[PDB]
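This report concerns only the one structure given below.
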6 protein chains.
Amino acid sequence: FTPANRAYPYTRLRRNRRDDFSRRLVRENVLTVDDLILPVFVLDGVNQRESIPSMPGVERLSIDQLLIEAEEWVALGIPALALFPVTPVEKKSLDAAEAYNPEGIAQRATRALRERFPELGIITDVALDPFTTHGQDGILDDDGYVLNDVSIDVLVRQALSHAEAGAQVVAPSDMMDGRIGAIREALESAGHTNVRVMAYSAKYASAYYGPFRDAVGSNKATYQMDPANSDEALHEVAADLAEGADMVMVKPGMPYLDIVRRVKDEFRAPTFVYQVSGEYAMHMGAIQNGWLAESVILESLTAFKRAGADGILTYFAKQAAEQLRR
Amino acid sequence: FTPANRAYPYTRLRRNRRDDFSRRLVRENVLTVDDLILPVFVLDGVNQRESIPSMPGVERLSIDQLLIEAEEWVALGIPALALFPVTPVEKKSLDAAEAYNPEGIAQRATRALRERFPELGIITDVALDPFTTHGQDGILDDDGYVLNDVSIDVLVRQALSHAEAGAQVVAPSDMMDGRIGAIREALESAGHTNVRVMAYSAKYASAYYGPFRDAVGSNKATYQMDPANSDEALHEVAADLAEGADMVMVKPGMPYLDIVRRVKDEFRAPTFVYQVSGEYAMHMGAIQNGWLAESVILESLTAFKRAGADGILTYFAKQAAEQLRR
Amino acid sequence: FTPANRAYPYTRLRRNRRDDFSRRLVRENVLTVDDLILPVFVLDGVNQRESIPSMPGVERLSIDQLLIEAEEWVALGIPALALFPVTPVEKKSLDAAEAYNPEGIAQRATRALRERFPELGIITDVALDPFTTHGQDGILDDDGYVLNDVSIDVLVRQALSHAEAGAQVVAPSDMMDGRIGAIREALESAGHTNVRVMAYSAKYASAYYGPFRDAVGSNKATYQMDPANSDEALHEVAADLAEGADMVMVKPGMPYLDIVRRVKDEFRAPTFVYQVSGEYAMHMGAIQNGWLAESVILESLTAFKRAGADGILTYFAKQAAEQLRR
Amino acid sequence: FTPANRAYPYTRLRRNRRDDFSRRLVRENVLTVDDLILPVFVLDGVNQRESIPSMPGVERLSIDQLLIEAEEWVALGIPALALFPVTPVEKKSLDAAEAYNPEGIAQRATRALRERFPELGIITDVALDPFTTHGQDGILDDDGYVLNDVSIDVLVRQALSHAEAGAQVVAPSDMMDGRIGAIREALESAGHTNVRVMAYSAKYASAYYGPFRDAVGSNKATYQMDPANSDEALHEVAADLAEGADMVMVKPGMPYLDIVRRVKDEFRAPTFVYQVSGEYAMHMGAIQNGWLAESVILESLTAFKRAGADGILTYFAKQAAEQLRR
Amino acid sequence: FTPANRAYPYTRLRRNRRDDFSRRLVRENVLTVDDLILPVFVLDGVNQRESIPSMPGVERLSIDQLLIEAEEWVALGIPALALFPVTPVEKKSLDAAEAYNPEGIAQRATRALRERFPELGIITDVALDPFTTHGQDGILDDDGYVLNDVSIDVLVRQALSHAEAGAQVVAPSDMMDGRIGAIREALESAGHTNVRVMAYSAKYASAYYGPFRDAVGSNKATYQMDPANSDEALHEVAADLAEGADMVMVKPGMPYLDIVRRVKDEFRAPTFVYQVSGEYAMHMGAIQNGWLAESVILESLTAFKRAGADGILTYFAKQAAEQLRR
Amino acid sequence: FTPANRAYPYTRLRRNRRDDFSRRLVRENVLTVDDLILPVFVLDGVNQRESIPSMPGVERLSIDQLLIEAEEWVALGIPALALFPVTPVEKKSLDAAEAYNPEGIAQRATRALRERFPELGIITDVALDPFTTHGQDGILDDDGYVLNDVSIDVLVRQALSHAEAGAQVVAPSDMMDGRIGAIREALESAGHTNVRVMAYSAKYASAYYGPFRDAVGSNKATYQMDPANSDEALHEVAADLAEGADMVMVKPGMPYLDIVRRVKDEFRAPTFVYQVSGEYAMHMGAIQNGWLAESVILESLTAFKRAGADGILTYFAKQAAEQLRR
Ligand SMILES: [Cl-]
Ligand SMILES: [Cl-]
Ligand SMILES: [Cl-]
Ligand SMILES: [Mg+2]
Ligand SMILES: [Mg+2]
Ligand SMILES: [Mg+2]
Ligand SMILES: [Mg+2]
Ligand SMILES: [Mg+2]
Ligand SMILES: [Mg+2]
């Protein structure tokens with residue numbers, strides 16, 4: 001940046017703000033539907049639609065209902081969904097075998113969506129915490145610590161089962177060291193040459209995941225990042241890029257826009273951000289109370305674009321796409 | 001940033017995360033009470049405390065009551081308050097003369113606080129919109145446009161009145177071009193050599209100010225910044241620094257943490273951020289609903305520190321200070 | 001850095017200095033107990049406490065006494081100790097076998113502290129100079145030169161014995177080329193996945209180690225760095241990061257704050273610094289003589305934080321923690 | 001900095017360390033006598049040499065004695081002296097008039113030295129605190145605050161008196177805002193076109209000045225810098241360069257070597273550093289006690305060179321010069 | 001670089017130039033004997049000293065005479081010699097076997113100097129052009145092109161024979177791709193752990209080598225660099241650093257000071273420069289004609305230091321060392 | 001610079017060197033005649049050509065003879081001449097009045113050339129040293145010091161006289177501070193809006209000017225730059241650009257190519273360099289002696305282009321132009 005000796009009154013920054021036409025001409029960023037990814041909670045069974053108290057307006061959907069809702073998501077131009085299965089309690093186990101079951105919810109939903117909506121991106125969640133008995137992040141040693149490499153073995157099986165089900169993108173959310181490279185080598189070995197890996201690169205140990213936990217039915221500091229740390233996120237992303245990630249993600253979203261910006265600025269790679277359950281809930285609640293105008297939805301999403309995000313995982317994706325088409 | 005060829009498994013970023021002691025050693029940023037500024041809403045009477053509906057848990061206080069609660073804020077070590085008077089409708093006018101009234105709420109509160117707590121920082125609000133007939137940002141021309149230099153004349157008189165009342169800091173929130181230099185020159189000519197000017201430098205035309213209206217009882221795009229614009233913020237800050245600001249501020253806060261980052265990175269000057277009414281209300285609502293843990297408060301405030309903020313204007317200051325103490 | 005055309009009298013840098021509250025608000029760095037690591041000299045035997053003339057106020061402690069003193073170090077919140085055994089003269093030998101003895105002082109002290117204070121970080125010293133016959137840095141060839149790779153073989157055995165004793169961090173202080181990578185591969189091979197390596201990366205051939213030598217009972221230019229060289233430190237650290245170090249350290253401390261700064265700025269990695277025996281002795285002596293106020297202790301430590309250090313090895317850690325709690 | 005993929009064992013940084021000749025070839029910085037400035041304490045009488053208790057080995061000297069010892073300093077090639085007069089208590093006053101007295105100690109010493117050693121640089125101290133009733137930094141208001149611009153008026157008269165006495169360099173150590181520009185303009189208007197101004201630009205509110213008080217016989221936070229602050233030093237230096245300083249100084253020295261580094265790196269201007277009384281005393285005390293080898297003197301001074309200093313104000317200048325000669 | 005708004009007449013850059021003492025204080029670089037390497041031409045036989053018409057004052061020396069002259073080079077403090085054998089015509093051959101002969105001139109001279117002057121650095125020339133029949137750079141294919149990898153095989157044998165003879169540094173001047181890595185691996189494999197490799201990294205196809213060719217008794221564009229190219233030199237040096245060079249050199253010298261500067265600035269590695277035969281001859285000739293003052297010698301060498309060189313190969317090394325001691 | 005992991009044998013930098021055509025394609029810089037400025041020595045008579053002993057092949061020419069040879073220079077496409085008058089001793093004086101004489105050699109030559117070759121650039125020398133009694137650089141005070149601002153008064157009158165004579169470019173070589181701004185302001189006030197000012201910005205106190213004295217028939221350290229200093233050159237250039245120079249020059253040339261590089265890199269402004277009399281003489285002497293091939297001329301000039309020069313003042317301009325043509 002060079003200020004170029006710009007000085008009032010020769011320079012008045014209000015002149016460009018004076019009229020809509022000039023504000024439009026100098027506008028640095030615009031949000032479009034191309035930027036939006038919808039996370040969706042997927043139930044077992046048939047003809048199920050369940051509200052989530054902590055996420056007003058978001059429903060968990062059985063696969064038949066998901067296919068029905070998706071017709072309109074596609075009609076709105078939403079490029080991709082991110083699937084989050086709501087695992088039946090009885091399918092949770094010590095070594096998370098359900099993660100790689102070809103008849104698991106994520107795998108079934110994937111095959112169904114790929115057949116019905118061939119152009120719709122399906123991003124699966126590579127993660128053991130939907131399948132472990134008490135939502136722990138992976139396979140535990142005798143001290144209750146999440147074992148890094150052993151958990152990766154299971155994550156790899158899971159990633160392969162998602163690729164087999166036809167997922168165009170797998171997104172590992174587990175925060176094990178080196179899992180991106182492990183998953184990429186396994187995809188490459190098995191001939192899944194074009195399956196994208198969207199790394200959750202700089203994922204923070206956060207209070208903002210609370211409502212998601214309520215939605216899926218479920219310590220973090222030994223794998224997820226300390227919210228205090230910014231330089232560390234660069235090291236996380238550099239490793240995931242070296243290991244072969246096609247896209248890198250920051251999570252949570254708005255509370256870490258500084259991280260989105262540093263990551264985009266330093267690596268110039270496809271950079272994604274998750275506007276998490278907590279962010280959605282606090283915005284929606286404030287809107288319902290009449291504390292915040294509905295225009296806050298697009299403002300919050302524009303923030304991600306300005307900060308350098310290429311795409312945004314957001315529960316507002318349908319509302320935003322509606323407000324963008326209109 | 002040099003990645004220095006760090007690679008798994010020689011590099012495992014979980015090793016520093018393994019134990020609390022190493023997490024503490026590598027922790028990049030820590031919030032303290034010396035980062036906190038409490039905004040307070042000030043009433044015109046005596047023995048008055050009112051609850052604000054759209055800001056649950058925030059009260060408007062008469063000066064006598066403000067003096068009482070300030071005992072607690074000072075005991076907690078909160079360095080400064082930012083005063084926001086709740087102007088009676090009868091004192092509102094087209095010329096905003098109440099802005100520089102020696103017996104305006106802001107002026108009376110300042111005098112009372114400076115006398116009772118000589119070490120407590122008082123930051124006054126240099127702004128016409130609390131004093132105009134319908135909350136417009138300044139003096140209007142025939143077209144209803146907020147005239148720049150003519151509004152500045154009033155803001156200067158107001159800043160001088162705050163300095164006369166003993167405010168250590170005046171904070172112009174008006175977003176007229178060149179007002180920082182005009183206020184600084186007036187303060188200098190009048191001999192108020194040490195009155196700090198905290199510029200609201202990069203202040204966005206935002207939906208997040210919604211609940212503030214409910215607190216103080218009140219076209220923004222022609223003076224406040226387009227949320228889409230990041231480069232433009234650097235030009236705003238550069239001008240305010242040239243014009244004599246001792247500190248510069250980004251507003252709103254969490255939706256603009258990338259802006260905080262860029263401003264701190266490029267200017268290396270004292271950088272402040274406002275966690276605005278809508279950010280407070282969003283968080284408080286989710287906490288009250290039991291959707292989010294109370295730990296999000298410290299998490300939200302830590303973000304500002306990590307992003308580069310030196311100080312945070314936050315309605316959570318007392319709560320935060322009590323959590324930091326214990 | 002962009003100066004932003006800031007000019008007296010519009011800019012007066014004394015305004016922020018005018019009051020405690022504003023000095024606090026703009027304060028760029030603060031020292032906390034999270035930043036402190038205490039080095040401790042450990043004797044053989046029982047019920048031993050020996051003063052060190054060249055390090056007033058520092059005592060060498062047998063393990064029983066160390067456990068007793070540690071209760072209070074932990075109570076003060078000191079996150080970690082760095083152990084320096086005082087090796088009995090008769091246990092020194094040509095090929096430094098004592099370095100890896102499971103019944104060596106460092107190994108015994110480690111097991112005792114890990115059991116008694118499970119949350120306290122134990123940083124061991126990976127070094128052959130406590131175990132060689134005349135304090136030489138490693139294994140000598142027939143010319144009296146310290147052989148690089150042969151010394152690393154012994155250092156690796158030692159590092160493994162520390163990991164076996166339960167040390168969470170091993171800190172190689174030997175300045176052999178490539179020892180960080182050698183030690184990391186051996187830790188990885190043996191399943192010590194989470195043992196941290198705190199590299200003494202840029203360690204200078206220094207006169208400031210004199211009192212430490214007195215404390216432990218003991219040429220340098222062929223392995224330790226020439227104090228003239230700054231660019232070279234970057235090459236040292238880049239290699240240690242590539243080789244898998246979790247933290248990198250500069251030593252001595254205050255005489256090399258420029259190096260701390262370059263290292264933090266260039267690599268953005270966890271950066272440590274040793275305020276060595278000589279630095280402690282000259283400060284303590286000057287304080288005892290009434291030449292320097294006690295406030296110099298916290299000033300010297302604040303310098304490390306400002307310079308970019310994440311943690312500081314300092315014999316003042318107890319005094320500083322006391323003065324920070326109070 | 002490009003690490004250029006250097007890796008062990010292809011890269012072994014010990015190879016250049018192997019022999020004295022290669023160490024000499026790669027040596028990045030060398031101290032010489034042309035880096036050294038000797039501060040001297042000057043008495044008001046004749047045939048006077050006094051030992052300073054808190055600065056062992058440093059003497060206060062009458063002008064006749066100063067002239068004698070200067071023969072030795074000149075023979076050693078020390079380029080400049082910095083004069084610090086020891087003002088008799090009777091000459092101290094609220095208006096600090098002695099500061100510009102044509103027969104003040106500083107003015108008499110300057111005239112005598114310029115005549116006797118025409119090639120020797122004389123750096124005078126532009127400062128009010130040697131002349132004020134109780135060593136306060138400048139003229140006080142009713143509240144006991146050091147008034148900026150009014151103190152500057154006195155400093156300007158003083159700088160002019162030093163120039164009239166023939167000083168080649170005036171060095172304002174007062175830390176008033178804008179004094180460099182005010183002194184430069186006065187010097188220019190009076191025709192002292194070639195009088196250099198060595199600004200004390202980044203001078204910290206430090207405990208390290210303790211022994212200086214014992215030498216000269218004498219709220220600092222309101223003009224001197226907070227030790228925590230690094231970015232702020234760049235703003236101080238930028239202003240002094242704009243205002244006409246020929247050289248800029250960091251003070252104290254070794255506790256602020258990161259500041260020396262940053263200042264040299266960003267401005268590429270002649271950069272000076274003061275190894276202050278407390279740094280001297282710390283080192284001298286440890287040497288006298290036999291805790292540190294006398295080689296620490298050259299090591300401490302080499303640090304300044306490596307950090308970026310062009311010149312060092314040091315009480316060790318004569319000792320250093322004798323060591324460099326032999 | 002930030003100009004810091006420095007402006008005449010507040011800034012007059014002549015003030016620092018006014019007096020010797022201040023010019024000395026701000027002087028950015030100084031040449032010392034530590035910077036000098038003497039190239040020497042070595043004859044077969046005994047009691048030989050031959051003048052070189054194109055290099056006035058430079059003599060070729062048999063080994064006995066070289067030992068005699070070296071006593072004084074060592075007395076002057078010259079840290080190292082670079083040896084250039086004058087190969088007997090009858091020892092030149094198709095496959096340059098003389099390069100690795102343990103009884104070759106370079107090998108014999110090396111053993112003799114290492115025994116007699118153990119502290120003197122001996123830099124040998126790894127090159128096939130002294131041993132090929134018509135001074136071609138290496139082994140020719142059937143088109144007369146210098147084969148890269150086959151020539152490296154011979155260069156490696158030669159480098160090993162120099163290490164065996166005791167050379168502390170080998171300097172490959174051949175400009176084959178990858179020879180630095182090949183030579184380093186062979187040195188490492190054979191246990192020559194500390195033998196330095198001083199790469200001729202960015203060596204240009206130059207007319208300035210003419211007199212050297214006369215001195216040793218002897219197309220270039222297919223291996224030596226085009227004098228037009230600057231970016232290319234960075235690629236050359238990056239590769240040599242990756243391949244394990246301890247020092248990197250630019251050649252010729254003064255006509256490529258821009259390259260010295262870029263190389264030092266970009267890599268921050270030990271950077272050397274050869275002031276070649278042509279540079280020496282044109283300076284010496286101009287001095288002998290009375291066209292240039294003798295002071296041009298030190299000026300030319302100071303240029304290398306200012307440009308960023310750590311050491312200089314120069315036929316003026318004895319004259320310069322004399323003029324530096326005196 | 002990103003090395004982009006280029007490694008042998010995948011990267012072989014000899015591949016582009018293999019054939020003339022690829023060498024031509026990758027060639028980074030090319031000298032042309034549009035880079036060349038010819039300095040010429042101008043005599044006061046008619047029918048005069050004199051050989052300069054210390055500049056073999058360079059002639060001093062009367063204006064009539066200059067007009068004749070200029071036919072050839074123009075036919076070769078040389079864009080500009082730099083005039084250096086050879087002032088008769090009778091016209092030399094303490095006040096240097098001949099400098100602005102409308103019938104001075106420089107003024108007469110300019111008028112004659114502008115009329116005869118309207119497209120040929122004429123660069124006059126703004127300098128007092130051709131006109132002062134003993135070749136001193138300007139007007140002297142009682143101490144023999146070259147007074148800055150008083151010399152500038154004469155230089156301004158001279159620059160105006162050159163502009164009146166029709167010079168398109170005035171080039172002040174005097175090294176007084178602020179003279180560029182003073183000349184620019186005078187030219188502007190007099191309406192010479194398009195007269196270019198080519199500042200000698202970074203002109204070193206050099207031995208390389210020796211033969212120039214023999215050409216024109218004639219303490220430098222107090223105005224010309226110390227050869228040791230590089231950072232200082234950037235401050236000199238920044239000032240001249242601020243003061244209105246259209247182009248800036250480094251002098252001497254080849255000994256300061258790092259300075260050319262830094263100046264072009266930092267300012268990106270039209271950058272010129274003087275291959276001075278001593279550089280010419282060194283090269284010419286070696287060529288005449290048969291020590292160096294005539295190809296060194298183009299090699300020396302290509303260096304300037306590669307270093308960043310836009311134009312070169314060179315006594316080889318005619319030779320170079322003839323070589324470039326053929
Ligand atoms: Cl004030
Ligand atoms: Cl003067
Ligand atoms: Cl014109
Ligand atoms: Mg990771
Ligand atoms: Mg503005
Ligand atoms: Mg190392
Ligand atoms: Mg200042
Ligand atoms: Mg190469
Ligand atoms: Mg100049």
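A note on labels: chains of the structure tokens are A, B, ... as shown, every chain counts residues from 1, and ligands are counted from 1 in their shown order.
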Might you pull out every residue within 7 Å of range 278-281 of chain F, with only C-alpha atoms counted and same-chain residues fewer than 3 positions away left off, and present them as a PyMOL selection string?
(chain E and resi 286+292) or (chain F and resi 54-56+208-211+275+284-285+315)
Select residues of chain F: the criterion is any atom within 8 Å of an atom of chain D, counting only C-alpha atoms; output as a list in words.
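Listing them in order of chain and number gives residues 2, 3, 5, 231 and 232 of chain F.
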With DSSP run on the backbone, what are the alpha helix (DSSP H) residues within range 70-290 of chain D? I'd like them as a ChimeraX atom specification.
/D:70-75,105-116,148-165,179-189,210-216,231-242,257-267,277-288
Counting only C-alpha atoms and all ligand atoms, what residues are within 6 Å of ligand 9, given as a PyMOL selection string?
chain F and resi 175+177+201+236
Nearby residues, ligand 8, 9 Å, only C-alpha atoms and all ligand atoms, as an NGL selection string:
(:E and (174-180 or 199-203 or 223 or 233 or 235-240)) or (:F and (12-14))
What does the file look like for those residues with C-alpha atoms, as a tab-separated table (two decimals), in the first residue's frame?
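part.tsv, freshly written:
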chain	number	residue	atom	x	y	z
E	174	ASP	CA	33.75	-25.30	-14.35
E	175	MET	CA	30.09	-24.18	-14.61
E	176	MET	CA	28.72	-27.67	-15.21
E	177	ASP	CA	25.10	-28.06	-14.03
E	178	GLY	CA	24.77	-30.00	-10.77
E	179	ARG	CA	28.53	-30.29	-10.09
E	180	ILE	CA	28.21	-28.78	-6.63
E	199	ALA	CA	30.87	-22.56	-5.72
E	200	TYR	CA	31.65	-20.33	-8.71
E	201	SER	CA	27.88	-19.88	-8.97
E	202	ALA	CA	27.18	-16.98	-11.33
E	203	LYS	CA	30.39	-17.07	-13.62
E	223	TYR	CA	28.35	-23.10	-19.99
E	233	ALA	CA	22.22	-15.68	-11.50
E	235	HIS	CA	18.63	-19.52	-10.23
E	236	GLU	CA	22.31	-20.54	-10.41
E	237	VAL	CA	22.94	-19.62	-6.77
E	238	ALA	CA	19.66	-21.14	-5.45
E	239	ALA	CA	20.66	-24.50	-6.99
E	240	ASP	CA	24.24	-24.37	-5.60
F	12	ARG	CA	19.89	-27.81	-16.28
F	13	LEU	CA	20.59	-24.10	-16.87
F	14	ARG	CA	22.97	-25.05	-19.69
Near-residue 139 in chain C list (6 Å; only C-alpha atoms; drop same-chain fewer than 4 positions) as a PDB file with C-alpha atoms, in the first residue's frame:
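Generated output (result-v4.pdb):
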ATOM      1  CA  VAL C 146      34.067 -32.572  18.249  1.00  0.00           C
ATOM      2  CA  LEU C 147      32.859 -35.172  15.773  1.00  0.00           C
ATOM      3  CA  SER C 151      28.166 -37.244  18.830  1.00  0.00           C
TER       4      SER C 151
END
Counting only C-alpha atoms, what is within 12 Å of residue 160 in chain B, bar same-chain residues fewer than 5 positions away, as a VMD selection string?
chain B and resid 99 to 102 107 124 to 126 153 to 155 165 to 172 182 to 193 195 to 197
Counting only C-alpha atoms, what is within 6 Å of range 21-33 of chain B, bar same-chain residues fewer than 2 positions away, as a PyMOL selection string?
(chain A and resi 228-229) or (chain B and resi 16-17+19+35-36+78+302+306+321) or (chain C and resi 34-35+79+121+270+310-311)
Could you write out the selected residues, including N, CA and C atoms, as a PDB file, in the first residue's frame?
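Once everything was written out, this is out.pdb:
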ATOM      1  N   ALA A 228      -6.402 -18.210  20.173  1.00  0.00           N
ATOM      2  CA  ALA A 228      -5.396 -17.152  20.297  1.00  0.00           C
ATOM      3  C   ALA A 228      -4.400 -17.065  19.111  1.00  0.00           C
ATOM      4  N   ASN A 229      -4.281 -18.159  18.360  1.00  0.00           N
ATOM      5  CA  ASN A 229      -3.157 -18.350  17.426  1.00  0.00           C
ATOM      6  C   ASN A 229      -3.487 -18.109  15.962  1.00  0.00           C
TER       7      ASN A 229
ATOM      8  N   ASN B  16       2.617 -29.486  20.219  1.00  0.00           N
ATOM      9  CA  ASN B  16       2.440 -28.340  21.141  1.00  0.00           C
ATOM     10  C   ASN B  16       1.042 -28.285  21.784  1.00  0.00           C
ATOM     11  N   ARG B  17       0.037 -28.823  21.083  1.00  0.00           N
ATOM     12  CA  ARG B  17      -1.332 -28.941  21.617  1.00  0.00           C
ATOM     13  C   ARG B  17      -1.526 -30.063  22.661  1.00  0.00           C
ATOM     14  N   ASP B  19      -0.396 -30.849  25.712  1.00  0.00           N
ATOM     15  CA  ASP B  19      -0.525 -30.559  27.150  1.00  0.00           C
ATOM     16  C   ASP B  19      -0.854 -29.099  27.348  1.00  0.00           C
ATOM     17  N   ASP B  35      -7.352  -4.215  27.662  1.00  0.00           N
ATOM     18  CA  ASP B  35      -7.897  -4.143  26.276  1.00  0.00           C
ATOM     19  C   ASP B  35      -9.326  -3.641  26.180  1.00  0.00           C
ATOM     20  N   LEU B  36      -9.965  -3.390  27.319  1.00  0.00           N
ATOM     21  CA  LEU B  36     -11.433  -3.226  27.351  1.00  0.00           C
ATOM     22  C   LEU B  36     -11.911  -1.802  27.576  1.00  0.00           C
ATOM     23  N   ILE B  78     -11.113  -1.825  34.424  1.00  0.00           N
ATOM     24  CA  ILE B  78     -11.511  -1.344  33.084  1.00  0.00           C
ATOM     25  C   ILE B  78     -10.953   0.066  32.868  1.00  0.00           C
ATOM     26  N   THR B 302     -11.134 -12.394  22.301  1.00  0.00           N
ATOM     27  CA  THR B 302      -9.810 -12.884  21.900  1.00  0.00           C
ATOM     28  C   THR B 302      -9.554 -12.714  20.400  1.00  0.00           C
ATOM     29  N   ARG B 306      -6.242 -11.152  18.523  1.00  0.00           N
ATOM     30  CA  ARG B 306      -5.484 -11.923  17.523  1.00  0.00           C
ATOM     31  C   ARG B 306      -5.433 -11.171  16.184  1.00  0.00           C
ATOM     32  N   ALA B 321     -14.308  -8.680  32.157  1.00  0.00           N
ATOM     33  CA  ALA B 321     -13.384  -8.324  33.256  1.00  0.00           C
ATOM     34  C   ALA B 321     -13.559  -9.247  34.461  1.00  0.00           C
TER      35      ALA B 321
ATOM     36  N   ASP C  34       2.682 -17.348  31.786  1.00  0.00           N
ATOM     37  CA  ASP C  34       2.657 -18.308  30.662  1.00  0.00           C
ATOM     38  C   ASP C  34       3.958 -18.247  29.870  1.00  0.00           C
ATOM     39  N   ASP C  35       4.706 -17.145  29.998  1.00  0.00           N
ATOM     40  CA  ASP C  35       5.940 -16.921  29.201  1.00  0.00           C
ATOM     41  C   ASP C  35       7.217 -17.498  29.848  1.00  0.00           C
ATOM     42  N   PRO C  79       4.766 -22.574  33.854  1.00  0.00           N
ATOM     43  CA  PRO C  79       4.359 -23.738  33.049  1.00  0.00           C
ATOM     44  C   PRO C  79       5.367 -24.880  32.925  1.00  0.00           C
ATOM     45  N   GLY C 121       5.370 -28.968  32.803  1.00  0.00           N
ATOM     46  CA  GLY C 121       6.272 -29.301  31.697  1.00  0.00           C
ATOM     47  C   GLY C 121       7.684 -29.535  32.174  1.00  0.00           C
ATOM     48  N   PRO C 270       6.978 -20.957  16.961  1.00  0.00           N
ATOM     49  CA  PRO C 270       7.172 -20.776  18.405  1.00  0.00           C
ATOM     50  C   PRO C 270       8.643 -20.518  18.708  1.00  0.00           C
ATOM     51  N   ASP C 310       8.169 -16.243  22.388  1.00  0.00           N
ATOM     52  CA  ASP C 310       6.988 -16.900  22.938  1.00  0.00           C
ATOM     53  C   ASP C 310       7.198 -17.409  24.376  1.00  0.00           C
ATOM     54  N   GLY C 311       8.448 -17.700  24.726  1.00  0.00           N
ATOM     55  CA  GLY C 311       8.785 -18.134  26.093  1.00  0.00           C
ATOM     56  C   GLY C 311      10.230 -17.854  26.376  1.00  0.00           C
TER      57      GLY C 311
END
Grab the CA of residue 161 in chain B to CA of residue 104 in chain B distance for me, in Å with one decimal place.
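The value is 9.5 Å.
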Looking only at strand (DSSP E or B) from DSSP on the backbone, list the matching residues of range 86-227 of chain E as a ChimeraX atom specification.
/E:121-126,140,146,169-172,196-204,225
